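Visitor: Chains as they are written, first to last, in the working numbering: chain Z, 423 to 481; chain E, 1191 to 1345; chain F, 139 to 252.
Sharing a structure here in structure tokens format.
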Amino acid sequence: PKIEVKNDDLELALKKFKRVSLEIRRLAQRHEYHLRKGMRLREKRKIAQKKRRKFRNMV
Amino acid sequence: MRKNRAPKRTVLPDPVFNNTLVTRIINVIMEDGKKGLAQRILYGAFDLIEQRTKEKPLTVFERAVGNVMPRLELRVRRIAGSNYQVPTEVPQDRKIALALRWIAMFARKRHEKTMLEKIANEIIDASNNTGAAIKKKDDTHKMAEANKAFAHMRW
Amino acid sequence: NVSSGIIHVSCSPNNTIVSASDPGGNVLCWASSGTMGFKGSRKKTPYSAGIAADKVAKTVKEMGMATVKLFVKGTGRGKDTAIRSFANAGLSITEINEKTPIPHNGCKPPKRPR
RNA sequence: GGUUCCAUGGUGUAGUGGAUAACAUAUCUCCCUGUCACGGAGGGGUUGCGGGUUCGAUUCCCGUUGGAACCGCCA
RNA sequence: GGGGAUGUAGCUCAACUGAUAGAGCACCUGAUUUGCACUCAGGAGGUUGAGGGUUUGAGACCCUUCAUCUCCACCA
RNA sequence: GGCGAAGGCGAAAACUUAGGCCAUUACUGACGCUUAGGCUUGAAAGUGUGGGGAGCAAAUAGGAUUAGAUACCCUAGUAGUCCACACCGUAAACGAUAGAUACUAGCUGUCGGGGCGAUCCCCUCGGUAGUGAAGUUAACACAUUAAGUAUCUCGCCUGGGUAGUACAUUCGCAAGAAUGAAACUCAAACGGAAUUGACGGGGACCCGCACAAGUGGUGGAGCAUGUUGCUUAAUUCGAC
RNA sequence: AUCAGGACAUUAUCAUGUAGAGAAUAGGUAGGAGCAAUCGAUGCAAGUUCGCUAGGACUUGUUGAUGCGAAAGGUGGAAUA
Ligand SMILES: [Mg+2]
Ligand SMILES: [Mg+2]
Ligand SMILES: [Mg+2]
Ligand SMILES: [Mg+2]
Ligand SMILES: [Mg+2]
Ligand SMILES: [Mg+2]
Ligand SMILES: [Mg+2]
Ligand SMILES: [Mg+2]
Ligand SMILES: [Mg+2]
Ligand SMILES: [Mg+2]
Ligand SMILES: [Mg+2]
Ligand SMILES: [Mg+2]
Ligand SMILES: [Mg+2]
Ligand SMILES: [Mg+2]
Ligand SMILES: [Mg+2]
Ligand SMILES: [Mg+2]
Ligand SMILES: [Mg+2]
Ligand SMILES: [Mg+2]
């Protein structure tokens, strides 16, 4: 997950790096705990439903 | 849970050296509701300060009290076990208040003679950064410096 | 004695590690929250991560490098305090690449404490 | 019948090479709680019997009780 | 018997081959707990075994004793 | 979101192979639905033999916490989790809703085939969802994928505890599975839905010397007064 | 037989080097009391010595005709060519 600094400013790098790390942290923390396959599908289905319903009202 | 900010009573400019702070410390050394007695004791100490330090009493008092005055305050915040402390910047009004409260408490415990000379020695002893009030200010400051890490989380 | 190099900064949820290394292997210096003097639970606080970065930044700057590739690691809490620590030290941060181990569904993770 | 060990507070156990006896539980008083348990503070309570040595015995010595542990074979 | 060690605070041990009397834990007070502890601050506690000499000076260097620790040989 | 009757199926490829949807000027001409008995499949755990074992972790050991902790936390850790061949045949195996057939407003999505030809969008035929009236229901709710109007067939139910227990029987190497009572006891049941409160170491909001910030006290001492206990011929009675 | 490595001895290598005080890094003794000048002054620049981060000596570069109060002056246990 390389992001170039562009050497024009520093903040901008961290403004993109905050996003990249958050999506990175989701899977990093997911492959930290063992749920049964049924429970694993439940959290996958749970996140999709949250994101969907949230996306409906900003569109 | 109150949503209301308390009012503040006037501090009054001092009646001699015209230095407000004298009235506050007078009220601090007040005991038994004696305005008179407290004034006499305190003013008498300035006559001894003249006799001893050969300098202006108001200047010595500001140099002692302003120097004893602390900067950081550690507020106790318990969650599960013991309390992790939080250093916060004290407002200016409260800043002066702890110094005066502290000056009197260590004055009424010295091995000296009549509290007149007792309090006189404490004020002259704090103008040179070597006393009992200094140690208290040093101790709370060192705890805050030790507890710099937990300053970001307050409540 | 080298101009460019790599600094791996691993941020575990319980501790942190900052390793300054040559562009390929062969670390030149290292520091950690334990070596600072913090012990027990305080080692996992962002302030400690910043403190560790400051000492290692100071040591390696006297050794004399300018361009730094920052291999950020871990999933702790002080993952950005050490990054900002280097920036106030003034080293030239060139890349902000992240290399926290991610699995592709390999190995079963431990059980959940409850 | 014979030989070794033990007897310390209310209960389980340490010490003492003569001058001195503690630990835990238990007990009592007070915080603690609607109340009680748990928790906190403080308080208290001791050498099996006898008989000698010593200025002085729980300790050292010889006997007498009680409780144990060992043995009591060859024909 | 021969060699090698040690003695510094209440309890262990650093020193430093000569110029500091120290570190840690026990004891005490302060911050802090539901407690119990952990943590944080301060403080004391020494003929540096004795004796003699070195050096301008010593606990140290050397000599000799006292005590304990180790060892390392043993046909009355 | 897709597929399969269910369990289930998600890196890529090859071989073998199952079912399904749409249009049929083709063909057979009732050959169809259900199914006691029977057969096949059937999550995970478990069994037997032989391999495999990185990670994790029942049993087990230790450190914590605790009044106690054989548990929740942490460090280790065997069987097991994996493969091949043999068994076991149970699950909240759930859409808690057997299969088949015909009919009954509508609206919004999404997927596949077909018709048009940039998609997008429109129509037709089906699968999978949401909302929704008549209708049904004790209510929650179902509502063209019915729990609605009706038909066929199979399986199952007859108060609660005893009890899925005991005996007999069948299967299984084993644990066990299937089948399955009674004596005795109760007036109801860890019955169903819904309502008003209370409560929550459930949330959201708002108040008071509540906490916080200060001041002066109490608990330690002497004394005054009241109470508990004890005593006494009585220590009159009540307030706890 | 050969190679490489460090053990410990060295042939042979001389700065090192840090009581106060003293102007001073005082390693101990310079025999002593002025001495060095192509047997080359003096100058400042670079590196190194080790550190008691003040200072030390040494080398290199400038490099040329008087330096050396580390002779005589200094204090000190230790001392000035
Ligand atoms: Mg875990
Ligand atoms: Mg009370
Ligand atoms: Mg016989
Ligand atoms: Mg299985
Ligand atoms: Mg155990
Ligand atoms: Mg483990
Ligand atoms: Mg097993
Ligand atoms: Mg069943
Ligand atoms: Mg509905
Ligand atoms: Mg019945
Ligand atoms: Mg049955
Ligand atoms: Mg029942
Ligand atoms: Mg209700
Ligand atoms: Mg308060
Ligand atoms: Mg009282
Ligand atoms: Mg009392
Ligand atoms: Mg009464
Ligand atoms: Mg009554």
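Yeah, the Cβ is synthetic: ideal placement off N, Cα and C, and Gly gets one too.
Anyone know if the C-beta pair for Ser-142/F and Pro-161/F falls short of 8 Å?
Guide: Yes, these two residues count as a Cβ contact at 8 Å.
Visitor: Indicate whether at least one CB of chain E lies closer than 8 Å to the CB of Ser-186/F.
Guide: It does: the Cβ of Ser-186/F has a partner Cβ on chain E nearer than 8 Å.
Visitor: Shortest alpha-carbon distance to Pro-247/F belongs to which of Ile-425/Z, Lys-472/Z, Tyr-455/Z, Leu-436/Z?
Guide: Nearest option by C-alpha distance: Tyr-455/Z.
Visitor: Return the Cβ separation of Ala-1339/E and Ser-186/F in integer angstroms, given the expectation that the two are a contact with Cβ distance under 8 Å.
Guide: Yes, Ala-1339/E and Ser-186/F are in contact; Cβ-Cβ is about 7 Å, under 8 Å.
Visitor: Check this for me: beta carbons of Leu-1290/E and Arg-1230/E, under 8 Å apart or not?
Guide: Not a contact, by the Cβ cut-off of 8 Å.
Visitor: Should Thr-183/F be flagged as near chain E, meaning a C-beta pair shorter than 8 Å?
Guide: Chain E, which has a Cβ nearer than 8 Å to the Cβ of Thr-183/F, makes this yes.
Visitor: Which residues does DSSP list as the beta-bridge partners of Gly-143/F?
Guide: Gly-143/F is bridged to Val-206/F.
Visitor: Show which residues of chain E have a CB atom less than 8 Å away from the CB atom of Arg-180/F.
Guide: Simply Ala-1339.
Visitor: Can you tell me which of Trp-168/F, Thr-219/F, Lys-237/F puts its alpha carbon nearest to the alpha carbon of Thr-183/F?
Guide: Checked all of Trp-168/F, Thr-219/F, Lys-237/F; the closest Cα to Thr-183/F is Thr-219/F.
Visitor: Spatial neighbours of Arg-1344/E within its chain, please: CB distance less than 8 Å, with the 5 preceding and 5 following residues excluded, ordered by chain position.
Guide: The residues are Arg-1265, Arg-1267, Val-1276, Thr-1278.
Visitor: CB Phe-1296/E to CB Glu-1312/E, shorter than 8 Å?
Guide: Yes.
Visitor: List, in order along the chain, the chain Z residues whose C-beta lies closer than 8 Å to that of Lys-217/F?
Guide: The answer, in chain order, is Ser-443.
Visitor: Between the alpha carbons of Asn-139/F and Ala-169/F, how many angstroms are there, rounded?
Guide: Their backbone Cα atoms lie some 19 Å apart in a straight line.
Visitor: Just to confirm the assignment, what range does the beta strand (DSSP E) spanning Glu-1221/E have?
Guide: Note, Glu-1221/E: premise wrong, no beta strand (DSSP E); not H, not E.
Visitor: Taking the C-alpha atoms as reference points, what is the distance between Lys-466/Z and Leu-457/Z?
Guide: Their backbone Cα atoms lie some 11 Å apart in a straight line.
Visitor: Would you mind reading off the limits of the beta strand (DSSP E) that contains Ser-179/F?
Guide: Taken as a continuous stretch (DSSP letters only), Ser-179/F belongs to no beta strand (DSSP E), as it is neither H nor E.
Visitor: Taking the alpha carbon of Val-165/F as the reference point, which residue from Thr-213/F, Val-198/F, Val-210/F has its own alpha carbon closest?
Guide: Out of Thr-213/F, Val-198/F, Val-210/F, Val-198/F has the C-alpha closest to the C-alpha of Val-165/F.
Visitor: Could you spell out the range, first to last residue, of the alpha helix (DSSP H) harbouring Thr-1330/E?
Guide: Residues 1322-1336.
Visitor: Below 8 Å on the Cβ atoms is my guess for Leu-208/F versus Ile-189/F; work out the distance and round it to an integer in Å.
Guide: Actually they are not in contact, since the Cβ atoms of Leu-208/F and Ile-189/F sit about 17 Å apart, beyond 8 Å.
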